[PDB]
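Student: Everything below, folded, please.
(chains A, B and C, ligands or ions: 4)
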Amino acid sequence: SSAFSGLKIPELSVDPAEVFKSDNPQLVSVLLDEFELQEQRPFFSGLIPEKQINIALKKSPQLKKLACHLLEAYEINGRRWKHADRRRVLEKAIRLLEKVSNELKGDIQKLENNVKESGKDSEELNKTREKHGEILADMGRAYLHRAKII
Amino acid sequence: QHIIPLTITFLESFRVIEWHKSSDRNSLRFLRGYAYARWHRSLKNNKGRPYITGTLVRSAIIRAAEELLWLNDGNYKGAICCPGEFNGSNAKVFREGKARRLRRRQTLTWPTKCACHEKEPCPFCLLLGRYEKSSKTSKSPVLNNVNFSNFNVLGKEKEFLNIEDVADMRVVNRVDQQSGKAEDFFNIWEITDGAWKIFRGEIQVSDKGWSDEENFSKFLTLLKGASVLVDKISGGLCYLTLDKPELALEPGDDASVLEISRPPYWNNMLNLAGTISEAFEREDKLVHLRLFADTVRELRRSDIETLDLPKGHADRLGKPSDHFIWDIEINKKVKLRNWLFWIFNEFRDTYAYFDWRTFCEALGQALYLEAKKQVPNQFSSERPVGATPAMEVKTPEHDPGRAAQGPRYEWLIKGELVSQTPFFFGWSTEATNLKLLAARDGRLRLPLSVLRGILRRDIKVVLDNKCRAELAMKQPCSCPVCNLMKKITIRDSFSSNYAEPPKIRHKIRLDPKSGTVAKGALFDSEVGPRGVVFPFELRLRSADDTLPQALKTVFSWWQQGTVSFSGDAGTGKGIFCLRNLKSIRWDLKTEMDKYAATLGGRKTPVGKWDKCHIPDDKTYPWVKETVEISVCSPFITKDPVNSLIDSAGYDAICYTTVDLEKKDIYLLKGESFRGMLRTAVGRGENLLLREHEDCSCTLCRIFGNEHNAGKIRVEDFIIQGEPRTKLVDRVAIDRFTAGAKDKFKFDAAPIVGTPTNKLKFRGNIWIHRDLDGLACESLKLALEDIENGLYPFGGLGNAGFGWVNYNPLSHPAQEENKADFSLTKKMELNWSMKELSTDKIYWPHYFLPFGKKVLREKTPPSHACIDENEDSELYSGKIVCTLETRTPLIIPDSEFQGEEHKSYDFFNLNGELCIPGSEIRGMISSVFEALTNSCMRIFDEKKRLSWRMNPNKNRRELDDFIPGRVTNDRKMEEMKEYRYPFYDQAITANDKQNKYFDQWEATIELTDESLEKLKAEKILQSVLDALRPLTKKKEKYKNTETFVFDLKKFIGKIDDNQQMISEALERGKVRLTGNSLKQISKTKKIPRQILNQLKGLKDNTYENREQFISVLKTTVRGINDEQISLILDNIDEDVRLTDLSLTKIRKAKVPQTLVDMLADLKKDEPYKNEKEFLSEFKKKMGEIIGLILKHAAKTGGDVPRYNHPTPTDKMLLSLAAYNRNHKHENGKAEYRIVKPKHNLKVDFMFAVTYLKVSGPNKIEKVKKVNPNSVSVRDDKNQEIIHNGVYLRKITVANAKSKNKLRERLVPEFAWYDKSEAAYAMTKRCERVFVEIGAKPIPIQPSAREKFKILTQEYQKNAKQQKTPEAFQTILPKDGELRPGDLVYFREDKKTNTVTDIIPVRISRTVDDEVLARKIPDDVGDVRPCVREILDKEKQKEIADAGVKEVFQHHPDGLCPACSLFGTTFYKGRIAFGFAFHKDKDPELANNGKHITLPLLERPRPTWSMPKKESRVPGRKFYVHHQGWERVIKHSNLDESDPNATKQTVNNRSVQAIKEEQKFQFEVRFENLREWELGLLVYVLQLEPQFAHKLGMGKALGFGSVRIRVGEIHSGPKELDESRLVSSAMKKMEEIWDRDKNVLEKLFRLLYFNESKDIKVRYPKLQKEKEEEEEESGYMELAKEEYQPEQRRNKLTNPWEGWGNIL
RNA sequence: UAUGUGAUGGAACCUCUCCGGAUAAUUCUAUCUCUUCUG
Ligand SMILES: [Zn+2]
Ligand SMILES: [Zn+2]
Ligand SMILES: [Zn+2]
Ligand SMILES: [Zn+2]
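Tutor: Numbering: from 1, shown residues only, chains lettered A, B, ... in the order given. Ligands and ions are numbered 1, 2, ... in the order given. Sure, structure below:
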């Protein structure tokens, strides 16, 4: 549904392989290391190391799409799921949200020292800080959502 | 007033609360810990010292006085007292607050005696001061009868320091006691320094208090008694001493926050960590950063005084190499070993109180932070539970009341707690994740909180209570547990016999589906040793004459050591024992003086003690059972961090612990046994993959889950006896070129274990008494499975290490064969049975071509399930095998006896010969990909070939001479032009020496019998007549040219008389020729229109010259006639010989011999042109001259041709110019021509001393020839002058007339011998490049990489060929390219760039593509399943992006060989064991004597790959023969015989086993499909016709063995051979698809040859001596039979010889 | 650096869950080396 199309359902955060059909290594790289891979046998596969256009060298723009996709699932289809399912969706979203913020905040200090000799140009800072503030908006929503359940 | 000083002396430690602002003095953090010491903070510097307020001391004195007066019925030596009030009041915690201080305990009562009122207060009321009525009064200026001042540190009244410099912060928790998990925690501060212990204050009494002498005496007596009974203040154990009663700033309450003082030199450590990380990423070894971050702490433990870090593995014979980590270059410092020492020395010099331990700790923390910042995915990280600190306090709402029960007896108990098992007390600070807590001076610490918690847990178990203490409730909790812990005092303890740093333990989490670790599963912790002594002190003050029964029961349990004290009790830690128990009882009602003498033993040690019984008790809730397991194979368990510091240099070393009561102890950690038990239970019950959140299954009950605890404790398993280690070597063998890929020698030190001499393991397992039946049955089943031998101990289990219940010699051998079937017959393989011929010599090895189809699978069978028939049936069992040798076998050991010639013994395990399983595994696997057409499991896909440029070959060479530019961008490069140079000559002197250099020997002469010999050749009589002057000349010649010239002049030169010969020759017809206009169009005189007009009458044959002249004069008109005459120069005119022409020639007074040759050259046919006739005459003259010279003098010296007196030689030899040479800037030289100016390439550089144009300069040596002769003896020297003449024939470059090899005189240098048998050198002239105006050209990046590989190739080849270092040709470079290096550049059109860089004109080509993509395109992908991206230069992009686990692996899955045997990520499903012998010492070949093997050399890849377009031939295989007898006979021979083998350093001496010697071994497998089992059985047991090949010296015929399969133990499951055979046939038909060529070739390579008449050898490069001596020689074979183009054949065809027997 | 008719903080185990695993035959023959002068 105009998404990664690898997760079986937001109710059970699983992906039954078949993610290598996508072309972007970023999509494949992330889907293998925070979701259980289903099946009862090990899965071995890969891509052809000839993919052009590079890999964009960043993770944050990718798993940020997980945050919006997971949060909207609760706000649309979260009432039918059980208590264990409700906690799993929110807890997973918080874990991925803070990782991006940690990377962005660490970039902020190392750049705030650099911007002093760059003619106080905050154009790059504004784009990054807005995303950091946008994550903090999701940070408040996630914790508040779980506090209502408990 | 009167002052009575007080003294508070702490014994071990106390607690402190930090500083708070005045507005924040009523918060939760302050009300909690209100009874602790406070911290000061001044305005000037924000620093202060702790102090004790007087209110705590007043409260303690009041409590002690209350107890004393209750115990004595209100009469303490005449001090009659009344109870008081203890109610009302307006006490406040702080003046600027409303917290209110109120009681919570019950006050004691006594009967009232005497009269007490306001006028005459009683001593108790005088101390209390209840009649002052402080209500509604501030009392700031109001006096006080009794006042308590503050208490400060004695001797440190004015000393500031800081909070972090005096105290340390610990986090302490609370345990649920139902599930052993934390619920609440908070923070504390503690002071353990010995200086900050004594506190001194004073009590001030006003004049009103001192009413008279008796009142003051009573007050002093009561105060003294109360001070005696005071026990604890501010959370510590103390005693109070009362002195004699005789005598006469701001806190900065504004807004300010400051914390996180960090530590000194933290920035320096961070910079060091950054530098180390930068170096590691520079050398791309970031996968060892965590290993280094733990190795630094290992160095912390390992001391600096005797430190010796390891080195390389000593490659070649005796030269150590560089360690992969310890020899990392860092900022032009090659040795990290020296860099670390220098950094530590600098740090020690710069800072004070700095030692090795602190530096290592800080560096380890810095590197850990750097690794976590840069190298992510190196560790696991969700921690939801274990948070929410809780502190609660509640002021009472009612009056607590009063009681009437108080203490009457006091007990003191001493003892010792000794750790019989490693312990762990976690230390965690809110602001190296876990570390063992210890004092600041290094002493290990056992806190009192842990002891009290353990005691209350045990007493609650005894009493069967369910108390949780509910933090702060409205009323005291009561109940016996708290009622007894309200009266127990426990002292803080420290280790007495240990102060060294603790060890480090590691744990991992496996992945059940793959059998390997997870992505980031790696944990570490600090662990204390075993044998540490801790003092024990207990104090019980209660109104009973005997100890409570619960305490006696707990002490009985502790005396047996049946409970755990430390944290990690799951893996059997923290077991302590109580010994030397003593006690004493005091009666405070009648023996007050005896008690007060020693203050309960906390001031003076107690004199007399009484022994306590503590009989026994068996009520404890744990059950102990012993476990014994015998291991029947060498045992290895890796300790990667320890192996990086041991000076032995071993790659893998075992784990060891320490014991304080006694040396290294070898063991298997209890964590490993717990993991094995859990895995066995999960596999048996299929619970290894179920989600374990609120599960309550068997696995979640025996071992617990995240939210619960475990019911089992596993202790360590200690080896009993005196174990010994051994060195075991390993290597990886390439499948294309059989032989080690590179220096992959792998070392290990396993404990030697044999079925006859087993290793015994002893350990304990503790299980709770509340475990249900099913869990116990599962545990028993798992223990039985482990004891049966289903799980090996430690690593390397697939190679036969650590096998349980392995006795292969119990079976009565494997006679014949069972379950035998023929794969060749059922698959209709022709096999080409053929017949062999004795008269040919065959190759020792061939190549097997690759297949077409590789069958891969995405999902192999998993490991987490014992049996799941999802797609097919899975079996598991063992196979019995037997091995015997058809030819002698060589398995060298790791120990040798010698220094120059190393002799070797057979492999053995402490005097018992055996065969390792690695060899069998390797050979079986190789045969497996041979059959199933799998991938190449070991393959050097990362390697580029070089080859060598041929001197001549459509252009042979098109390289230009160029020089590097200045210090600009390295891309630019400028062309140049080359000329001759000096600095390489022989001698410089006058012409006399040059003319005397000749005349060594070989002077040509003329003798009379030459004429007689010529007369037999039917030579012309005129030739003899003309040679008679030559006969009588009596002249000796030395050059061929002068002799030929003299012969021509004396006999007669046709060229001298050419004009009249041409004039007298008959002139005939004239015809047009296209070649005339083709080679006459150079001149512009003739127009193209004239050419077209002449071509119009094409192919016009005229009668004679007259007709052609007339046609030329008539057809061509109206133009100048000079071009008409010039056209006649190249016309084709016929030549005819007539008698009249000969007569006219004779009349011209020409020599008669010319006419004689003319007559002998009579030809009826007319010549095409005069030039043809002249060429024929020249050819005849040359033939006659050669025939004459063939009968020259017989000096036998091959008279040299005229070379030496040439002007070129004179100008080259005269100009030495050894000195006056400069290697910088433009040169100053001139072109000194030898009085002849013809063209370029003929000049020299005179170096000053035309236009005088010069630039640059070069300096290098040249090639060294190989020829055996004695010219001038001499020896090597730095003079580099030539001393020699003659030797060998120089091949001519191009030709003036004819191109042919010809002998010439050449200078040479003396042989280096002063095999040191044929050495020479030819260099005569050197090169220099002059500057030219050429635009710089960018250089491709790959050129420098090619140059580095080329330079490494020269260094390796020079080291291999043993050439002298002084005269190494070509001076290269240390690294990169410098702005000014002079190298030859090669340019093509391309994109106006340079692609390749070479140092001289003739060098190694170096390829452009890697070996990984040289497999033929008509063959399926045979690259390894686990791929490497580095085939291109894009691995850096992937590393930066981090997407490395996705681009790996073939996109289709795993090949059958990698599935069955395992890959790096998967685990193998077949295990090969050790092969033993029935007798300890089997018979040895050669009567037990050592065999001197010949020299063995490395395989050369550039023999099946001659050209750049060559493809990989295939796998390499060895044939069977009987060449070992020749090797044995050549050894054991007398030295005088030249056919013997010498004992050089490159040779080796080994021992071999005779034939028909039997060995037995077993193969264990699990989760195998039936087709895999059938194929494995067939591979192990081939047809009786064939045999295997094992061991060393395969090319010499050593190591033919045969394996017989005896039985298959598939377990309870039923198995039949028909199904196995059918499945194997189906799989083979699916794979090969009715293809037999490769199969027939493979079965031809495996045929066994027993005939003694078949000889296989090597071509033995080059052939010497006369006669034939075989066609031996790699060059001569390449010339005629094999050839480079066809060499991709006759090598893939098995059993093909190269030459016949002479 | 404390306020006097009222201090169970000795009123609280940094605890709990995790096989330092997994891959690899101690082996093995064909060249090495660049400037020669018109032959
Ligand atoms: Zn009184
Ligand atoms: Zn209680
Ligand atoms: Zn479970
Ligand atoms: Zn494979």
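Student: Please identify the nearest residue in space to residue B:1348, excluding sequence neighbours.
Tutor: Closest residue in space to residue B:1348, ignoring its immediate chain neighbours: residue B:1375 at 7.6 Å, by Cβ to Cβ, 6 or more residues apart in numbering or on different chains. The C-beta positions use only the backbone N, C-alpha and C, and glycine is treated the same way.
Student: and the one you found, which of the three is it?
Tutor: The three-state label given to residue B:1375 by DSSP: H, G, I helix; E, B strand; the rest coil is coil.
Student: how many other residues sit next to it?
Tutor: One way to gauge burial is a neighbour count; for residue B:1375, by other Cβ atoms under 10 Å in any protein chain shown, it gives 9.
Student: how close does it sit to ligand 3?
Tutor: The gap separating residue B:1375 from ligand 3 is 59 Å, by Cβ to the ion, to the nearest Å.
Student: Ligand 1 versus that residue, what's the distance?
Tutor: Remark: distance between residue B:1375 and ligand 1 (Cβ to the ion) = 96 Å.
Student: center of the chain - which residue?
Tutor: I went with chain A, as the question did not name one. Geometric centre of chain A, nearest residue: residue A:63, 2.3 Å, by Cα atoms, centre = their mean.
Student: Chain B is the one I meant
Tutor: In chain B, the centroid-proximal residue (Cα atoms, centre = their mean) is residue B:324; its distance is 5.8 Å.
Student: Need phi/psi at it.
Tutor: phi -70, psi -20 (degrees, to the nearest 10).
Student: does the residue in the stretch 1551-1700 of chain B that ligand 2 sits nearest to sit in a helix, a strand or a coil?
Tutor: Among the residues of the stretch 1551-1700 of chain B, residue B:1566 lies nearest to ligand 2; the distance is 54.4 Å by Cβ to the ion. Using three-state DSSP, the structure places residue B:1566 in strand.
Student: tell me which element the spatially closest residue to it that is not a sequence neighbour falls in.
Tutor: Taking Cβ to Cβ, 6+ apart as the measure, residue B:1566 lies nearest to residue B:876, with 4.0 Å between them; neighbours along the chain are not counted. Under the assignment given by DSSP states H and E, the secondary-structure element containing residue B:876 is strand B:875-885.
Student: for that strand, packing partners?
Tutor: strand B:1558-1568, helix B:1570-1580, strand B:1600-1609 (3 or more Cβ pairs under 8 Å, 6 or more residues apart in numbering or on different chains; DSSP states H and E).
Student: List the buried residues in stretch B:979-996.
Tutor: Residues B:979, B:980, B:981, B:982, B:983, B:984, B:985, B:986, B:994 are the ones in stretch B:979-996 that count as buried (16 or more other Cβ atoms under 10 Å in any protein chain shown).
Student: how distant is stretch A:29-36 from the center of its chain?
Tutor: Centroid separation for stretch A:29-36 versus its chain: 11 Å, with Cα atoms, centre = their mean, to the nearest Å.
Student: Check stretch B:1478-1496 too.
Tutor: Average the C-alpha atoms of stretch B:1478-1496, do the same for its chain, and the two points are 36 Å apart (Cα atoms, centre = their mean).
Student: buried set for it?
Tutor: Judged by neighbour count (16+ other Cβ under 10 Å), stretch B:1478-1496 contains these buried residues: B:1484, B:1485, B:1490, B:1491, B:1492, B:1493.
Student: show me the contacts for the closest residue in space to residue B:444 that isn't next to it in sequence.
Tutor: The spatial neighbour of residue B:444 that comes closest, neighbours along the chain excluded (Cβ to Cβ, 6+ apart), is residue B:495 at 3.9 Å. Going by Cβ atoms under 8 Å, 6 or more residues apart in numbering or on different chains, residue B:495 touches B:443, B:444, B:445, B:446, B:532, B:533, B:534.
Student: so how many other residues sit close to the second one?
Tutor: By other Cβ under 10 Å, the residues close to residue B:444 number 25.
Student: what's across from it in the sheet?
Tutor: For residue B:444, the beta-bridge partners are residue B:438 (DSSP bridges).
Student: so it touches residue B:494, yeah?
Tutor: Yes: applying Cβ atoms under 8 Å as the test, residue B:444 and residue B:494 come out as touching, 7.3 Å apart.
Student: secondary structure element for residue B:825?
Tutor: With elements delineated by DSSP H and E, residue B:825 resides in helix B:823-826, which encompasses its position.
Student: what comes up buried for that helix?
Tutor: For helix B:823-826, burial by neighbour count (16+ other Cβ under 10 Å) applies to B:823, B:824.
Student: Which elements pack onto it?
Tutor: Secondary elements touching helix B:823-826 (3+ Cβ pairs under 8 Å, 6+ apart): helix B:1617-1632.
Student: Pull out the buried positions in the helix it packs on.
Tutor: Along helix B:1617-1632, these residues count as buried under the neighbour rule (16+ other Cβ under 10 Å): B:1620, B:1621, B:1623, B:1624, B:1625, B:1627, B:1628, B:1631, B:1632.
Student: How about stretch B:75-84?
Tutor: Buried residues in stretch B:75-84, defined by neighbour count with 16+ other Cβ under 10 Å: B:76, B:79, B:80, B:81, B:82, B:83, B:84.
Student: Torsion angles phi and psi at residue B:1656?
Tutor: phi -120, psi 130.
Student: I figured the residue nearest to residue B:1566 hits residue B:1568, correct?
Tutor: Yes: using Cβ under 8 Å, residue B:876 is in contact with residue B:1568, at 7.0 Å.
Student: More neighbours: these two, which one.
Tutor: residue B:1568 (21 against 18).
Student: ok, so what distance separates the closest residue to that one other than its chain neighbours from residue B:1567?
Tutor: Among residues not flanking residue B:1568 along the chain, residue B:875 sits closest, at 5.4 Å (Cβ to Cβ, 6+ apart). Residue B:875 is 8 Å from residue B:1567, where distance means Cβ to Cβ, to the nearest Å.
Student: So what's the residue count around whichever residue of chain A sits closest to ligand 2?
Tutor: Here the residue of chain A nearest ligand 2 is residue A:150; by Cβ to the ion that distance is 28.9 Å. Here the neighbour count serves as a burial measure; for residue A:150 (other Cβ under 10 Å) it reads 6.
Student: hang on, the earlier thing: which of the contacts of residue B:495 sits closest to residue B:1538?
Tutor: Taking Cβ to Cβ as the measure, residue B:1538 lies nearest residue B:532 of the contacts of residue B:495, at 72.6 Å.
Student: and that closest one, what does it touch?
Tutor: Contact criterion Cβ under 8 Å, 6+ apart gives B:418, B:419, B:423, B:444, B:495, B:497, B:498, B:660 as the residues in contact with residue B:532.
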